[PDB]
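Notes for the one structure printed next.
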2 protein chains.
Amino acid sequence: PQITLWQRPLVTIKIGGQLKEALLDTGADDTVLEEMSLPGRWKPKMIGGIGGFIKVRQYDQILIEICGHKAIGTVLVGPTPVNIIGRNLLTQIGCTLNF
Amino acid sequence: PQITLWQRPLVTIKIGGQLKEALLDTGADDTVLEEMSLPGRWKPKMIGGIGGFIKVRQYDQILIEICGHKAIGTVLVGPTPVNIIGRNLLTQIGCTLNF
Ligand SMILES: O=C(N[C@H]1c2ccccc2C[C@H]1O)[C@H](OCc1ccc(F)cc1F)[C@H](O)[C@@H](O)[C@@H](OCc1ccc(F)cc1F)C(=O)N[C@H]1c2ccccc2C[C@H]1O
């Protein structure tokens, strides 16, 4: 599909059997979701953006479905104000910016 | 042009007769640039990012060229980690997300 930017580009994603709303964020290097339980071991990581850094848990090889498109990649979990789908997964679904 | 996301979507912008590099960020509602001097009066604004909020200066009706496309809109100036072109200006240049 083609998504305009008049409003925030929010989409439904499926992860860990749960349906969640997330933002397609080209300004985010990685994907970070609000606190939730994921399987496997994780590594602590610090990510920074506007306002500073937050500590998140890094999970690798996580399967996520974005608008029906399956993608695998690293998913960070932490106190993010909104679920963010970053470039690491946007590339997997073939998302591009066009103008 | 069509921009993939394997790397950060950085583009050259021209503002105040100077060239700067900025990130095309669909996750940013507004456009915020690193500390610089702009003409006119400014109004205060608080923007919240992944790590919290920062205070910025809001300038209106500012001319800014993005990848050769001329836009005139609101530009925020403050302690942002990188120059960000947000949805307010992305819409002016007709930028869309596609996949
Ligand atoms: O922190 C970032 N990347 C980092 C990141 C993110 C996830 C995982 C990893 C990493 C590392 C970086 O790429 C990005 O910022 C640019 C940025 C880029 C590279 C870098 F180096 C530092 C840096 F700041 C960030 O994901 C933005 O795309 C966006 O996040 C989603 C979001 C939306 C609504 C909201 F209410 C709160 C939110 F957070 C955001 O902060 N939006 C806010 C904004 C920005 C400018 C002007 C106004 C407003 C209001 C609101 O939309």
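Going through the structure tokens in order, the chains are called A, B, and so on, while each chain numbers its residues from 1 and the ligands are numbered from 1 in the order shown.
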Starting from chain B, keep only residues with some atom at most 10 Å from an atom of chain A, counting only C-alpha atoms, and report them as a PyMOL selection string. chain B and resi 1-10+23-29+47-55+67+69+79-82+84-99
Could you write out, as a ChimeraX atom specification, all the residues of chain A that DSSP marks as alpha helix (DSSP H)? /A:87-90
Pick from B:71, B:36, B:62, B:22, whichever lies nearest to ligand 1 using only C-alpha atoms and all ligand atoms: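 With only C-alpha atoms and all ligand atoms as the atom set, the closest residue is B:22.
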Pick out the residues sitting within 8 Å of residue 42 of chain A, and hand them over as a list in words; count only C-alpha atoms, and ignore anything fewer than 5 positions along from it in its own chain.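 Within the cut-off, the hits are residues 57, 58, 59 and 60 of chain A.
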Every residue of chain A that DSSP places in strand (DSSP E), as a PyMOL selection string: chain A and resi 2-3+10-15+18-24+32-33+43-49+52-66+69-77+84-85+96-98
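Restricting the calculation to only C-alpha atoms and all ligand atoms, the smallest distance between ligand 1 and any of B:14, B:45, B:20, B:70 is found for B:45.
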Residue neighbourhood residue 19 of chain B, 12 Å, only C-alpha atoms, exclusion window fewer than 6 positions, as a PyMOL selection string: chain B and resi 11-13+64-68+83
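Shortest atom-to-atom contact with ligand 1 among A:72, A:31, A:61, A:38: A:31, counting only C-alpha atoms and all ligand atoms.
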Check the smallest atom-to-atom distance from each of A:30, A:39, A:73, A:18 to ligand 1 using only C-alpha atoms and all ligand atoms, then report the winner. A:30
Figure out the distance between atom 5 (C, counted along the ligand's line) of ligand 1 and atom CA of residue 44 of chain B, please, to one decimal in Å. 24.6 Å
